[PDB]
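Below you'll find only one chain, the form deposited without this ligand, shown as structure tokens.
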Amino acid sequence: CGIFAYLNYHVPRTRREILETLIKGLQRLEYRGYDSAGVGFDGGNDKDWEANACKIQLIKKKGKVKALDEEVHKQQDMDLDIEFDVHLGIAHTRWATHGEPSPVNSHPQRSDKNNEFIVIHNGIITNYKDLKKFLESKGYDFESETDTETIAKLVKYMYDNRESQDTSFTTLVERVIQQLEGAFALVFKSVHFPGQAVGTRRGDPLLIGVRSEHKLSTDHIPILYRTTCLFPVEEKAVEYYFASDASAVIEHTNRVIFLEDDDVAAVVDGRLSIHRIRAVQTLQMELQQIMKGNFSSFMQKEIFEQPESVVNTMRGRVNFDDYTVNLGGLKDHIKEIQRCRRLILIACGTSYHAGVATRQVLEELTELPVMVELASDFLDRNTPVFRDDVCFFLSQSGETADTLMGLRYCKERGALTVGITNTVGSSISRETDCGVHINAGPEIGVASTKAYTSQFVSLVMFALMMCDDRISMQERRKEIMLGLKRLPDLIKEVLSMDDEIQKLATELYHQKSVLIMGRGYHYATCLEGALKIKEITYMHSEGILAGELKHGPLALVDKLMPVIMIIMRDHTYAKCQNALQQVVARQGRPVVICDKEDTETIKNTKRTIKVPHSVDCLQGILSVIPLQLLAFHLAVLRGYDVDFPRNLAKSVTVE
């Protein structure tokens, strides 16, 4: 889900400029949830903007943001020409995991039929059922099936039983969160407090941007406990930007204030003050990073930019002149890591495949047991963990609920924890003892592509550090590092086969299933390839360990079943050729991803995808890219949007 609000204080904006700002804000956050959207702004049609802050209009519609963009416009009651010197508007895009994505269930929610209080919410309230019964007895009627409504019906209950006639908006929100259980990120708006906003969080991101041509009173807001706020000095011109992510604010300003758990920010009279019952900083992001450029989709950009993102992952860490590796995030802990006795990798989805993809080389260069676990199952079994375990947590977002819960589980047992993330300041990067930022740049496509290859490389670099004191492994280290030096250019060679991959897609897009087979270093490749094809093309693709064919799954192969096989020139080549002969004996006609020089395979197979040869423990990077491209072209042929796959969104931060 995504949160965005626009508060213009004494900055005259017309009602159109405001709505186009809310919509444009949801467009930046749409990849986090695109089942339904909605906005909340001040209604009425009075020239004097002051006589309009007593009427709250809500426009909510099912579908992507483009469905709300058109619902907002071409309306017969709203006059988009009213000038507002002061105004507050809130917006929200929802990932409807449960129930129907109906306008009633979308945000902002409301507290009554007159819209006295409206709130937008990211997260889950674990006790909303108790709150719902308590509020129903006091005379409040519920309309939607969402847990967010209990927050709106409750903030009004604290308002209908206050002690003084002028209790600050903060005091009301403070009493609410004390009754809420779970994780949440909230932004309130009310008619009683015109232009006032309140932002509190607890286990979910929520920052506050700010723009003003004038100077700010401070760059360090002092947190308070139940003059001294952030605001322009001489004049009042200020624009705030509440948001759950930075991509929605970077286009307007690069000055934000990342809140923390139970911090209740409040903008009053155009002054930001934090209450709790704190550091205006510059963002290191460029807008170009979250633009499609000349590509028609984000996913295509992020696939073709992998030559660059791989380089950025190694920048300032790998030195090819003297063959050294240094990960600054691990300098103070690498010594203690080497005294540990087991490595555990915990992650979800594609991030889990990155651990499968590097498990073998990690076992080789560290000589330690390496265990790779799906976060959800890791938690279900209450896996044993000990004080001399090193536990890695791979997460592009750094907020995945299952991976994050596994982190807190391993900390409670005294393990040394390491974070491999692509999001600075994320929960996983903050709560681990050390870690590495893969530095692949923002990923907007729902399906992770460059995050996978950058996680791959990051884990290889770690493996290189763990063995830099072994004489017997020096040549092996050099071999790997030379492969890393040549990897960006070999990726470019793979991308140049884009047209050849597209032609093969035209022969498969009509099929219902496809089996992808590989072993050894390329077990992860066929699992990741099968997940991508599932995710964006909706074909029933499955990854099958090649060594397991003879134990049952080979029965599913016939001349009609599509098959893709990975046969690279490493120590499993002969066994892979054996599996290929098994498939052919069952009349299968597979597409083979093989090496350019593999002349034997190229002659005896009609359809081959010839990738350049790299070091055996890096080849997985070059073998997965063809399957990234195949999934893209397959999705285009089937008429689906690669950036917005049905039934989900990016980053699973809730149950």
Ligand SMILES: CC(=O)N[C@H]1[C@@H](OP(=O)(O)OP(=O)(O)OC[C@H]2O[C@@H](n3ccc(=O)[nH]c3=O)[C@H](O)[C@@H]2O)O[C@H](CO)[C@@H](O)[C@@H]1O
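Residue indices: 1-based, along the sequence shown.
Although it is not shown, the form solved in complex with this ligand is what the next lines describe.
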Report task. Using a 4.5 Å heavy atom cut-off, state whether residue 424 contacts this ligand in the entry with it bound. Result -> yes
Query raised in the report: Should residue 355 be classed as touching this ligand in the entry with it bound when contacts are defined as heavy atoms within 4.5 Å?
Result: no
Requested in this report: Although this ligand is absent from this view, report whether residue 288 comes within 4.5 Å of it in the entry with it bound, heavy atoms only.
Outcome: no
Report task. Please run the contact check for residue 230 against this ligand in the entry with it bound: heavy atoms, 4.5 angstroms, yes or no? Result -> no
Query raised in the report: Thinking of this ligand in the entry with it bound, which stretch from 481-489, 260-268, 159-167, 426-434 has heavy atoms inside 4.5 Å of it?
Result: 426-434
Requested in this report: Report the residue, out of 329, 205, 562, 543, that has at least one non-hydrogen atom within 4.5 angstroms of this ligand in the entry with it bound.
Outcome: 329
Report summary line: Picking from 296, 496, 284, 506, the single residue whose non-hydrogen atoms come within 4.5 angstroms of this ligand in the entry with it bound is 284
Query - Residues within 4.5 Å of this ligand in the entry with it bound, restricted to 509-534 and counted by heavy atom - result: none
